[PDB]
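Asker: What follows is a structure written as structure tokens; I'll ask about it next.
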Amino acid sequence: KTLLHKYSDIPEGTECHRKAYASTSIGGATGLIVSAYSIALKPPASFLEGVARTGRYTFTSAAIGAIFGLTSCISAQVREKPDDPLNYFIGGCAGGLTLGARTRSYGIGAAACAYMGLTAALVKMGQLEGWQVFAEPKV
Amino acid sequence: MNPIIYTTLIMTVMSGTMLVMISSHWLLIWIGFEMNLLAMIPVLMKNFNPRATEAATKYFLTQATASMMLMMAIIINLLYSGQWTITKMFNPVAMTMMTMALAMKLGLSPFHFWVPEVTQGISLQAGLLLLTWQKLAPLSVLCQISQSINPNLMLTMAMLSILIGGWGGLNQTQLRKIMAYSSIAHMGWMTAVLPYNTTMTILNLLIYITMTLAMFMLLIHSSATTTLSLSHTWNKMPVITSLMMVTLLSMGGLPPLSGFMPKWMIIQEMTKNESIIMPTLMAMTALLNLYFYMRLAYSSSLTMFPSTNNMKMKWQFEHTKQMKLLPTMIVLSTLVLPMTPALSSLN
Amino acid sequence: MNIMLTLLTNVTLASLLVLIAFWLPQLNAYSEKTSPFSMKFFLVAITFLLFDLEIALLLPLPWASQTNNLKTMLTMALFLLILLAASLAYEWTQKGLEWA
Amino acid sequence: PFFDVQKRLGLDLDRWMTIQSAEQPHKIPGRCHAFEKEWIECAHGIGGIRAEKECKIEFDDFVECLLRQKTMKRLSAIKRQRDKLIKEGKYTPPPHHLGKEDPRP
Amino acid sequence: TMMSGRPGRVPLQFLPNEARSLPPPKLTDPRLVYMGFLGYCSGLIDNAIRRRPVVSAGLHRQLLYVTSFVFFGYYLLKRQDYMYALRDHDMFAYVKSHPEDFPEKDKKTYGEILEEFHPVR
Amino acid sequence: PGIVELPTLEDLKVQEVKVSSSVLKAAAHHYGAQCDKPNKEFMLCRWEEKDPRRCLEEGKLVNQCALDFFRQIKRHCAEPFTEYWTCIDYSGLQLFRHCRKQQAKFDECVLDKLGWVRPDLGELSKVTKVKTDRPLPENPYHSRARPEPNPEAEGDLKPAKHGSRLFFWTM
Amino acid sequence: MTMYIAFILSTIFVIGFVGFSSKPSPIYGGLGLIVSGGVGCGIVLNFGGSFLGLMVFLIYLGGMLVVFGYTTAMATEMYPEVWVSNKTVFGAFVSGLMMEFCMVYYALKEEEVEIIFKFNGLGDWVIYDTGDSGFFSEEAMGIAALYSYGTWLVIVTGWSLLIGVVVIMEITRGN
Amino acid sequence: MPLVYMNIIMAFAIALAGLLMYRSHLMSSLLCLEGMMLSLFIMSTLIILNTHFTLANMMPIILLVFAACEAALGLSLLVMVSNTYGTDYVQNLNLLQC
């Protein structure tokens with residue numbers, strides 16, 4: 001949760017390097033988690049194979065996060081609108097393009113751009129409007 | 001297995017669950033779980049096959065780990081509070097450990113991997129007992145400790161269970177595995193409302209129990225464990241496959257069938273608590289369950305698959321054994337929607 | 001510390017003898033001398049375990065005899081013993097006690 | 001689904017062992033009987049939600065009696081500073097603490 | 001949760017003696033009729049499963065089905081009405097006991113209020 | 001929180017009954033018979049107050065009474081009692097059985113010179129009344145004020161305003 | 001040194017747990033379990049639980065694992081797997097000891113270690129109570145109350161043991 | 001919490017990790033189960049003795065009663081697995097999938 005706090009504390013559209021670094025860290029953590037689960041469920045033949053798979057997944061995820069944060073903060077600076085979800089959408093589509101590039105497939109890239117950008121814009125809208133993915137029981 | 005011994009083992013399973021749902025002391029609740037496991041294991045192996053033994057071993061290992069984690073959580077809560085009573089749990093680490101243990105007992109993902117395998121290994125009747133009765137005790141325990149439950153962990157497990165139950169079922173042509181994945185998804189649905197309103201969890205559990213009882217009894221009556229063996233049923237007992245189609249549509253949650261009301265009330269309670277994204281995702285993800293239900297229906301009743309010449313022999317004979325509660329279970333599983341406001345009785 | 005001392009002394013003495021009997025006589029000069037079925041009757045061993053459990057449950061009885069509710073204590077003690085006897089009788093009659 | 005059959009039928013199946021301050025053989029008291037009794041008497045009939053804050057003092061005292069984290073922390077501080085002063089040489093433990101006087105019977 | 005911890009609730013009691021103050025469900029209640037309809041459908045399905053004549057065989061069995069469904073549904077409806085009445089009673093009592101949490105609001109005529117117009121052009 | 005009010009060293013200094021366990025056990029029955037009143041008073045104080053500090057004076061009186069008891073024994077029956085406790089001291093369990101003859105000698109001498117009668121079996125174990133001028137502790141546990149109970153059972157039950165009021169259901 | 005006998009014993013307990021947890025051949029695993037059971041008996045005895053700790057020595061060491069050994073003997077493996085036999089087993093064994101050492105050192109150096117819970121490095125002798133139990137063994141009376149108070153526990157445990165006998169018979173039937 | 005509690009909780013965690021990471025043999029995993037039960041017994045006994053919960057001094061005994069029941073069940077399954085496959089190896093429990 002500390003990584004999420006680091007990403008949130010940086011004001012949107014400011015200190016683009018730090019925002020990109022925090023997004024890179026978040027992507028790295030998610031990639032490591034996915035790598036651990038993949039290693040468990042689908043066993044690697046060798047320890048070197050496991051390291052290669054872990055590095056591949058983690059670098060893919062870290063690149064996705066870094067591009068998303070970098071592009072989003074840059075767009076927020078240039079457009080000078082900090083709260084617009086379109087910046088997050090651009091970041092998400094860029095991350096999807098990076099996913100396609102790492103997967104070396106165009107269709108993966110386009111689908112990832114579309115879906116990931118929509119999800120990123122949704123996340124920004126949730127930040128703005130106070131949407132709760134998990135709501136404390138208030139009934 | 002001698003029928004007296006079988007009855008004693010079944011009564012021991014039910015007595016373990018009753019002890020779980022009746023005792024106010026944590027040690028006795030864990031004892032009830034231990035009795036449930038001890039009695040259940042031979043019941044799973046009533047018909048002796050290598051698959052039955054493998055399923056029993058997997059189930060024993062999983063439930064043993066769950067019980068050990070549960071007892072550690074109880075011990076930690078004792079250490080930090082000195083209370084044995086089932087109540088608010090006073091240590092967050094104990095709460096998390098207990099939640100993981102109870103989720104593993106319920107088959108909630110990511111502790112779901114054993115449910116499909118065990119269900120496939122055991123017979124249809126043992127599968128019915130496993131997927132209907134065994135769910136009662138852990139759900140009761142969670143309902144009693146609902147307030148202490150961290151909503152984030154329970155909700156994440158519920159959403160993952162729904163997703164995985166929907167995904168796994170699409171790939172399955174074995175009826176028992178399909179039922180297991182459906183059970184996983186419905187368990188996710190039930191545990192979603194646990195932090196918010198427990199009566200909704202009880203209502204969903206009752207509806208799910210009726211639907212699964214009906215489906216398993218229909219499968220037993222048709223003696224089918226694979227999609228094709230069920231496809232052959234239209235030639236022999238068309239009424240059975242028609243009722244199977246109706247029950248499948250109910251399980252999918254289609255209105256106006258009874259399967260709609262638990263989803264409807266769960267969405268209502270979640271929205272009242274400002275949860276909007278989560279109910280939306282759960283409802284959309286239920287479409288995968290609906291899809292493989294529909295594929296099973298296409299295979300079984302809506303479309304007439306080829307039969308075999310030897311079926312003419314089975315035409316002459318009639319079914320010897322009658323399951324008395326099957327008609328009422330079908331009616332409750334399909335036509336109880338006009339009667340939801342009676343959800344204040346279990347309340 | 002007394003019990004710990006006794007344990008230490010006994011273990012050390014036995015191990016010392018094992019040393020003087022594994023290495024000390026091994027020095028003596030010599031020459032070159034060259035050089036399972038699945039037991040299903042293990043069920044007896046498993047039954048011992050579940051009977052050893054009742055053994056453990058029955059050990060508190062000497063202090064249990066000191067209570068004021070001697071009626072309840074006696075009823076429960078005979079209940080446990082009768083359940084053990086019933087278990088033995090069941091295994092006996094179902095030919096479960098197939099020793100060797 | 002906690003069917004309180006014990007309360008309905010007036011049967012004390014397991015509530016005797018639920019708390020440490022309940023009746024115990026030969027009236028052997030628990031190590032935290034007083035604190036537990038106070039905490040229960042405070043948190044009786046007011047509901048769990050109210051009890052979590054209106055009896056927090058009693059619960060904290062009970063937890064301290066059970067685990068003694070704060071007492072051990074205080075004693076650890078005392079031992080640390082005593083060792084520090086002994087190293088600096090500005091403290092000398094009293095003769096009775098060194099064993100030079102017979103303790104009171 | 002919610003009504004489970006209400007003070008004075010006798011455990012494992014289907015209908016408390018307080019419920020008798022409420023009107024009994026009328027034997028012509030549409031809900032009870034629907035319960036009887038469910039019983040009749042159960043009888044038809046039992047006949048169909050056992051390959052008996054669907055609408056004519058086992059009139060005694062169908063009668064038992066309908067009677068059982070109606071009998072259980074009567075008590076089910078009575079308990080449902082009891083629980084809803086309990087909810088209403090508790091809600092009104094709490095509203096009275098906490099006037100500040102439920103303040104009376106000043107009522108204004110629409111002429112007094114100002115609601116912006118959004119033309120459909 | 002608050003500072004613990006430990007009593008001073010001087011106030012807790014008392015004359016000590018410096019006699020070994022065997023000596024006490026030898027005279028235990030007659031000590032209980034004679035010194036019962038101060039001992040019972042001190043016990044009542046300790047159990048009501050639940051604070052060792054509150055009952056220091058009663059403990060002092062108990063110690064003084066024990067010292068007086070032993071002074072009287074020394075004055076009148078010194079040698080038989082010495083023989084009795086030397087006999088008792090030998091046995092590891094300090095059993096009464098092995099020293100019955102010396103017990104008889106000591107009991108006879110104490111009955112003659114001092115008139116004490118050994119309490120019979122099942123006598124010293126009896127719960128006894130104590131008349132005390134010390135007031136009963138009002139709040140021995142120092143309990144805080146109990147939180148106020150929730151309001152309950154307002155009145156009679158009436159039917160729901162419009163039924164279940166659940167979505168579209170009219171009943 | 002006698003001041004931290006409980007701590008020394010707990011460390012040995014953790015070491016035995018690493019031993020049987022690294023999974024050598026069930027023979028050495030059994031050895032680790034036996035050592036751990038004896039050491040747990042030692043700790044329990046130090047805390048005043050003579051009877052309870054002795055129970056492990058008889059109904060655990062000479063009981064559950066006495067058959068565990070009898071079982072492994074029936075299912076004999078070709079080679080007695082040891083810690084060094086598999087690099088992973090030896091590596092995990094060393095890492096487990098290292099993990100214990102790290103927490104142990106941290107607990108002693110940092111007066112207050114916090115792995116998942118908060119632990120104070122003061123000796124266990126601190127927590128002990130200064131009360132007197134009189135002519136009684138509190139553990140003995142509590143355990144003997146199982147017949148006077150815990151009648152319900154007696155019923156459930158006896159029924160579970162009987163059903164356990166039946167269950168083991170049915171599982172070992174094999175059809 | 002004194003350090004002994006830390007050590008015993010660490011022992012339970014280690015045993016749990018060992019159980020969750022099988023290598024080949026089922027008996028080793030059953031050993032981890034019995035080991036976890038020992039940790040729980042020791043922890044419960046220490047808690048109950050320290051708090052002078054007289055009436056809970058029997059809880060460790062019942063825990064062990066059911067520990068041995070679970071062990072016995074595990075061995076009763078392991079023998080059948082060995083009979084059907086010739087070894088206690090976990091890799092033979094592969095017929096049921098997903």
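Residues are named by chain letter and number: chains run A, B, ... in the order of the structure tokens, numbers start at 1 in each chain, and ligands are numbered from 1 in the order shown.
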Which residues are close to residue F:153, i.e. within 10 Å by only C-alpha atoms, leaving aside same-chain residues fewer than 6 positions away? Reply as number ranges by chain.

Answerer: E: 7-8, 90, 93

Asker: Go ahead and save the residues from that selection, with N, CA, C and O atoms, as a PDB file, in the first residue's frame.

Answerer:
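Output file part29.pdb follows:
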```
ATOM      1  N   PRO E   7     -32.773  -7.158  21.453  1.00  0.00           N
ATOM      2  CA  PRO E   7     -32.975  -7.597  22.836  1.00  0.00           C
ATOM      3  C   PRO E   7     -34.320  -8.287  22.998  1.00  0.00           C
ATOM      4  O   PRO E   7     -35.313  -7.912  22.373  1.00  0.00           O
ATOM      5  N   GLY E   8     -34.338  -9.313  23.844  1.00  0.00           N
ATOM      6  CA  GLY E   8     -35.560 -10.035  24.121  1.00  0.00           C
ATOM      7  C   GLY E   8     -35.925 -11.091  23.106  1.00  0.00           C
ATOM      8  O   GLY E   8     -37.012 -11.669  23.205  1.00  0.00           O
ATOM      9  N   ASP E  90     -39.384  -0.712  15.303  1.00  0.00           N
ATOM     10  CA  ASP E  90     -38.060  -0.270  15.723  1.00  0.00           C
ATOM     11  C   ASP E  90     -37.675   1.033  15.040  1.00  0.00           C
ATOM     12  O   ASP E  90     -37.101   1.928  15.672  1.00  0.00           O
ATOM     13  N   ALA E  93     -39.646   3.904  16.626  1.00  0.00           N
ATOM     14  CA  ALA E  93     -39.149   4.155  17.972  1.00  0.00           C
ATOM     15  C   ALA E  93     -37.817   4.887  17.940  1.00  0.00           C
ATOM     16  O   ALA E  93     -37.597   5.827  18.712  1.00  0.00           O
TER      17      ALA E  93
END
```

Asker: Taking only C-alpha atoms into account, which residues of chain C are within 8 Å of chain H, as a PyMOL selection string?

Answerer: chain C and resi 38+46+49-50+53+57

Asker: Restrict the selected residues to N, CA and C atoms and save them as a PDB file, in the first residue's frame.

Answerer:
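again.pdb, freshly written:
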```pdb
ATOM      1  N   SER C  38       3.848 -54.828   1.366  1.00  0.00           N
ATOM      2  CA  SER C  38       2.956 -53.825   1.998  1.00  0.00           C
ATOM      3  C   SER C  38       2.162 -54.511   3.112  1.00  0.00           C
ATOM      4  N   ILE C  46      -2.713 -48.715  13.543  1.00  0.00           N
ATOM      5  CA  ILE C  46      -3.585 -47.505  13.510  1.00  0.00           C
ATOM      6  C   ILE C  46      -4.587 -47.593  14.666  1.00  0.00           C
ATOM      7  N   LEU C  49      -3.248 -46.469  17.878  1.00  0.00           N
ATOM      8  CA  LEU C  49      -3.275 -44.988  17.997  1.00  0.00           C
ATOM      9  C   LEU C  49      -4.615 -44.549  18.588  1.00  0.00           C
ATOM     10  N   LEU C  50      -5.729 -44.909  17.946  1.00  0.00           N
ATOM     11  CA  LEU C  50      -7.005 -44.405  18.438  1.00  0.00           C
ATOM     12  C   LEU C  50      -7.314 -44.923  19.842  1.00  0.00           C
ATOM     13  N   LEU C  53      -5.272 -42.794  22.253  1.00  0.00           N
ATOM     14  CA  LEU C  53      -5.987 -41.554  22.538  1.00  0.00           C
ATOM     15  C   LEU C  53      -6.909 -41.705  23.744  1.00  0.00           C
ATOM     16  N   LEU C  57      -7.013 -39.881  27.405  1.00  0.00           N
ATOM     17  CA  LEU C  57      -8.212 -39.293  27.992  1.00  0.00           C
ATOM     18  C   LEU C  57      -8.516 -39.881  29.363  1.00  0.00           C
TER      19      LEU C  57
END
```

Asker: Residues of chain D within 12 Å of chain C, counting only C-alpha atoms - could you list those as a ChimeraX atom specification?

Answerer: /D:24-26

Asker: Tell me, as a PyMOL selection string, which residues lie within 12 Å of stretch 97-105 of chain E, counting only C-alpha atoms; anything in the same chain fewer than 5 positions away does not count.

Answerer: (chain E and resi 90-92) or (chain F and resi 150-152+154)

Asker: Give me the residues within 9 Å of residue H:52 as a VMD selection string, counting only C-alpha atoms and dropping any in the same chain fewer than 6 places off.

Answerer: (chain D and resid 20 28 to 32) or (chain G and resid 138 to 139)

Asker: Tell me the residues of chain E close to chain D, meaning within 7 Å using only C-alpha atoms, as number ranges by chain.

Answerer: E: 10-12

Asker: Find the residues in chain F near chain D: any atom within 12 Å counts, using only C-alpha atoms. Write them as a VMD selection string.

Answerer: chain F and resid 1 9 12 to 21 50 139 to 152
